[PDB]
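Protein chains in written order, with the entry's author numbering: chain F, 1 to 106; chain B, 53 to 288; chain E, 18 to 46, 58 to 112; chain A, 218 to 236, 263 to 384, 404 to 430, 448 to 1071.
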Ligand SMILES: *[C@@H](CC(=O)OC(C)C)n1cnc(-c2cc(OC)cc(C(F)(F)F)c2)n1
């Protein structure tokens, strides 16, 4: 029914929502709304896989159970520049600090 | 049906049990009812409990139904006895034949001192017995019975803060006995509906990670502000 | 759309209403910047905001928030700084 | 020789009353003489020393008695008797002798262990001694310092051996003594006894000593102490006990174990109305749990649930009608809404119990209209069933011959009777709703039973159908009697209910066969006349015409034929003679003569109650007739001599010692009445003569006939003294008693029977003093018997 996503690029992240029946085109249009870069200059990548605009989101690797709000499914985003698509540069989040000894599992 | 140590603990005389163990009495010997002298000591007096533990007694000695002495100490509300047992190496998550952890019994009776002491040692509030009564469910039933005073209300507050989040509804319906108390039903519905503040969830995760330790001592080692330490110890 | 910045360079953009869940955010509130929150903690916080708005006033069972032990402490500190 | 020595010892035992070894010592302390204090002290010391020499206290004397033969068993029994008697009479002597404190300690230690023995005689003696001790110590407010370290064992024994309460003869007395001792002991120390009950209940939860008998005795001990503690301590203790028992119910498994636990808790909550009253929410939960229980299959739990529901309804009537905190509508409305489902699977007696409880609950609705609607809903189901029956009868009258229909009507009317008993006057609406059809069905059933008797005879009265219809008529009359006794509008009853009631009842009573006449008719007429003092005065003559003529003959011949009919007839006659005396004069004189004959018979035969009622009716008739001059002279000249002679005749026989005071009273009244000339005519119709002198000579002749052996002078002086003292009732009675004593002495006969009348009254006053003394200490009387509802 409801799918919760996470669009990322370099150090930028976007939180949104959609529907399984919804196509990739409307997700691209939301990308426009937040970033204002024409859709033809935007291509979405899931775990290093290309996504088609006309292909429905539901038939893609996303489901309500798979994309619960507490664990959204990351989606790669790349900006097309000077008539070519940039590399899928995704910046991983900072590593968590080392676990303190007292809290360490016994 | 009981050895002299059992009777000495029944009368709750620490001196008699001490002098009896000084000559080498079999402390862990079982009696007819499948009880151990520690079970009797843990129902009456803390001094007897300490004296008995001084001689290598098993704080996990299982009774006929696997009710460890901690279970009886909690049920009787002997806060000092419960503290003495737990500090001595008792299993704060010990399960009897019905999977009734001592916290479940203490909540069932509703007493507060024992529940606080247990939670200080890391008792798991999410424990479910075989029938399916969480400590919070039993305490809420007791409150619905109308026997709940400010003590029981404070105990419920402690449990609710510790559990992090609890959902009493059966599917979409609350238990029948709750449904007949409209104001308490409203309070429980509002408490259950809310997802819960992020801070409480994080506190519960930290407590679970620290579990099975004297939490105040453990948290003292953490680098957080003293306010957040008090928050972790369920002071807010 | 609200814009959030972590202590280290990371831009989190969430929907306006969701960011309003935090009292500190609402009091502060176009661009909100943080000097202490690391990126992973902030992503967890955004997850929490989405979860909170989604499951508020729910009737069915409420799924539990998954917190890894290592980030639990930092997440608690961040939530305490905020008002959620 | 030895046999002669034993015979001499037995003779000494026999003669000690007026002038087996322990028996001689047992009666020594019974002298009750303050002198010889040092002696009495000395005897105790030597006896117990020898006892200890031949029987140390360390011995488990319980087992010795269990295995001991008769010779030693009697030894311990007499030992206990002597110790208990001497202590009850001389414990004060020993206690002040601090030099012999060890003697008292050993004596009480012996006392504690002997009570362990289970045989009823020894335990009863020990319980009597313990109750006396508890009463004595409580009388201080000094002395408890002497026994306080040992009183604990007394509490353990008392709670341990608690008898069966009559809410779950020798048993009654044992229970009363147990309760009094227990309440005294708890009044001595609340903390220790509360701790003891809590410890025993825990041990029951602990798994040790789980025997059902232990649970039941502990719960009886807890329940019987109701009201002995202050409010707050009661709250705490009862909360702890409820918690522990609920914990037991979950722990234990098996309907057999569940059922026993349920009965215990229902009994405990049945007591302590105060606590249940203060905690509204707990009361609601309790009532809901009872409603759930009523569908329970096990009979004992269900019956106990209904009984406890009665107990709760009686002491908490108000709370169910007022709107309580946190509630929208009063709980009575909720209960009335779900009445159909709750009562299901209850036996008819249980349904009557439940409706009686509800009626008690509706009786607190002070607001008129609210109570009106509450009652209209309350009787909705019984009334609709009744209307269905009435409609079916209207279609055809034959539906009254169905045993099922008659049984159902009896059930409905029994429910109505219980409802009227609980509610009271406001019930008139329902009674006003079903009254007409009630009397119509009464008439139809009476006609049918009459036809059955006529066709068959008096044997058919045993048939189930006939006895069921008689039950229906009995219930109708009981309902009317209850309402009228509880009614408060004399004019309304005199106007609406009386005429149809008389029409339906009186003629049928006269016409039926003697075996098919219900004394409830007489009871109801007595009730209605007693209430409506004057308004019934118009209809009295037909009542006496239809009822009195037939009933009188039915009773006089045999004194054991209809015990109830005679009592109800005498009650009716007394009530009419007390509240409608002007009616008699309007009656033809033959009926008055019949009434006088019946009254004369009433005090002739030896039945005590009948004699008392007859004498009272005669005295009241003498008092009342003095206010009607027109017929007073005729009544005097006709019956005065006859009644007077009959009174001597019964008195001369001395067969009614209890009524002798009444005999003297009426004799003095008659002597005074004739003395002052109110007679207004000569006692001899054929010739004038001094009425006083005629009375003197007549009584002298009658006494001579009764006692020919007596001389003229004695009779003359006796009558002279008696007639003079007519103005003083005590002096008249004293003179009559002295004369009778002199007659008995002349005949050489005992006169104790005369004195029994005085000492029975004396011991009645003693019993009243004992009763009121108990009321001083709270808790000796159980809450559901004291007449204190507190309107809350
Ligand atoms: C346990 C289950 C039960 O009712 O078993 C019977 C055999 C059906 N149990 C026993 N008695 C109670 C109980 C609980 C109450 O809670 C307030 C109140 C009562 C009451 F009868 F005294 F009202 C009884 N539960």
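Heads up, the beta-carbon is just placed ideally off N, CA and C, and yes, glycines get one too.
ask   = Since residue 785 (chain A) is in the alpha helix (DSSP H), which residue starts that stretch and which ends it?
value = That run of the alpha helix (DSSP H) goes 777-790.
Continuous alpha helix (DSSP H) stretch holding residue 184 (chain B): start and end = Neither: residue 184 (chain B) is in no alpha helix (DSSP H) and is coded neither H nor E.
Buried versus exposed call for residue 192 (chain B) [16 or more other C-beta atoms within 10 Å across all chains shown] = So residue 192 (chain B) ends up on the buried side.
ask   = So residue 81 (chain F) is in the beta strand (DSSP E); what residue range does that whole segment cover?
value = Element bounds for residue 81 (chain F): 73-81.
Cβ pair count under 8 Å reaching 3, the stretch 609-616 of chain A against the stretch 660-668 of chain A = Counting Cβ pairs under 8 Å, fewer than three are found: no touch.
message = For residue 42 (chain F), report the span of its beta strand (DSSP E) as first-last.
response = Residue 42 (chain F): member of the beta strand (DSSP E) spanning 42-46, first to last residue.
key: Closest Cα partner of residue 973 (chain A) within the set A:983, A:961, A:982, A:639   = For the residues A:983, A:961, A:982, A:639, the minimum Cα distance to residue 973 (chain A) belongs to A:961.
message = For ligand 1, I want to know if residue 544 (chain A) counts as a neighbour, meaning its beta carbon is within less than 6 Å of at least one of the ligand's heavy atoms.
response = Answer for residue 544 (chain A): yes, Cβ within range of ligand 1.
ask   = Within the present structure, is the beta-carbon of residue 592 (chain A) separated from the nearest heavy atom of ligand 1 by less than 6 Å?
value = Not under cutoff, so the answer is no.
query = Within 10 angstroms of its Cβ, does residue 149 (chain B) collect 16 or more other Cβ (buried), or is it exposed?
reply = Counting Cβ neighbours within 10 Å, residue 149 (chain B) comes out exposed, since fewer than 16 surround it.
inquiry  = Just to confirm my understanding: we take residue 142 (chain B), look at its own chain, exclude 5 residues before and 5 after, and list those with CB closer than 6 Å. What are they?
reply    = 111, 122.
inquiry  = Looking only at its chain, what residues have a beta carbon closer than 7 Å to the beta carbon of residue 64 (chain B), apart from the 5 residues adjacent to it on each side?
reply    = Once the five neighbours on either side are set aside, the close Cβ partners of residue 64 (chain B) are 96, 97, 100.
ask   = Do you know how far the Cα of residue 275 (chain A) is from the Cα of residue 236 (chain A)?
value = Residue 236 (chain A) and residue 275 (chain A): Cα-Cα distance of roughly 14 Å.
message = For a cutoff of 7 Å on Cβ pairs, would you count residue 40 (chain E) as touching chain F?
response = By this cut-off, residue 40 (chain E) is not an interface position.
task = Along the beta strand (DSSP E) that carries residue 6 (chain F), what are the first and last residues, could you check?
result = Bounds of the beta strand (DSSP E) holding residue 6 (chain F) are 2-9.
ask   = Any heavy atom of ligand 1 closer than 6 Å to the Cβ of residue 528 (chain A)?
value = For ligand 1, at least one heavy atom lies less than 6 Å from the Cβ of residue 528 (chain A).
query = Rounded to whole angstroms, how far is the Cβ of residue 86 (chain E) from the Cβ of residue 29 (chain E), which I believe are closer than 8 Å?
reply = Incorrect: roughly 25 Å between the Cβ atoms, too far for contact.
query = Say the cut is 6 Å; is the CB of residue 540 (chain A) nearer than that to a heavy atom of ligand 1?
reply = Taking non-hydrogen atoms of ligand 1 into account, the C-beta of residue 540 (chain A) is found less than 6 Å away from one of them.
ask   = Looking at the structure shown, is residue 29 (chain E) part of a helix, part of a strand, or coil, going by DSSP?
value = Judged by DSSP in its simplified three-state form, residue 29 (chain E) adopts strand.
query = The alpha helix (DSSP H) with residue 854 (chain A) in it runs from where to where?
reply = In the DSSP annotation of this structure, the continuous segment of the alpha helix (DSSP H) that includes residue 854 (chain A) starts and ends at 842-858.
task = Determine, using beta carbons only, whether residue 599 (chain A) and residue 658 (chain A) come nearer to each other than 7 Å.
result = No, the pair does not count as a contact, with Cβ atoms beyond the cut-off.
ask   = For the 8 Å Cβ check, are there 3 or more pairs between the stretch 545-555 of chain A and the stretch 497-516 of chain A?
value = Verdict: yes, contact present.
ask   = Using a C-beta to C-beta distance shorter than 7 Å, which residues of chain A count as neighbours of residue 197 (chain B)?
value = Think of a sphere of 7 Å around the beta carbon of residue 197 (chain B): the chain A residues whose beta carbon falls inside it are 561, 564, in chain order.
query = Taking the continuous beta strand (DSSP E) assigned at residue 33 (chain B), which residues delimit it?
reply = Outside the shown range of chain B, which is 53 to 288, sits residue 33 (chain B), and nothing can be said about it.
message = Short of 6 Å in beta carbon distance, which residues of its chain neighbour residue 889 (chain A), apart from the five on each side in sequence? Order them along the chain.
response = These residues qualify, in order along the chain: 881.
request  = Sort B:179, B:139, B:160, B:203 by Cα distance to residue 173 (chain B) and report the nearest one.
outcome  = Checking every option, the nearest Cα to that of residue 173 (chain B) belongs to B:139.
ask   = For residue 588 (chain A) versus residue 636 (chain A), is the C-beta spacing smaller than 7 Å?
value = Contact flag set, yes.
query = Any Cβ of chain B within less than 7 Å of the Cβ of residue 103 (chain F)?
reply = Answer yes: the Cβ-Cβ gap between residue 103 (chain F) and chain B drops below 7 Å somewhere.
message = Here's the rule: buried if 16 or more other CB atoms are within 10 angstroms of the residue's CB, otherwise exposed. What is residue 491 (chain A)?
response = By the beta-carbon neighbour count (other beta carbons within 10 angstroms, threshold 16), residue 491 (chain A) is exposed.
ask   = residue 258 (chain B) by DSSP, collapsed to three states: which one?
value = Three-state DSSP puts residue 258 (chain B) in a helix.
message = My assumption, with CB atoms under 8 Å, is that residue 99 (chain E) sits in contact with residue 253 (chain B). Please give the rounded CB distance.
response = That pair is no contact at about 12 Å.
request  = Report the three-state DSSP secondary structure of residue 17 (chain F) (helix, strand or coil).
outcome  = Strand at residue 17 (chain F).
message = Taking 6 Å as the limit between beta carbons, can you name the residues of its chain near residue 690 (chain A), skipping five residues before and five after?
response = Exclusion of the five residues before and after residue 690 (chain A) leaves 627 as the residues of its chain whose Cβ lies within less than 6 Å of its Cβ.
task = Report whether the distance from the Cβ of residue 784 (chain A) to the nearest heavy atom of ligand 1 is below 6 Å.
result = No; taking the cut-off as 6 Å, the Cβ of residue 784 (chain A) has no heavy atom of ligand 1 nearer than that.
task = Could you say if the stretch 855-866 of chain A and the stretch 814-825 of chain A meet the contact criterion of at least three C-beta pairs nearer than 8 Å?
result = The stretch 855-866 of chain A vs the stretch 814-825 of chain A: in contact.
ask   = For residue 861 (chain A) versus residue 505 (chain A), is the C-beta distance shorter than 7 Å?
value = No, the Cβ-Cβ distance between residue 861 (chain A) and residue 505 (chain A) is not below 7 Å.
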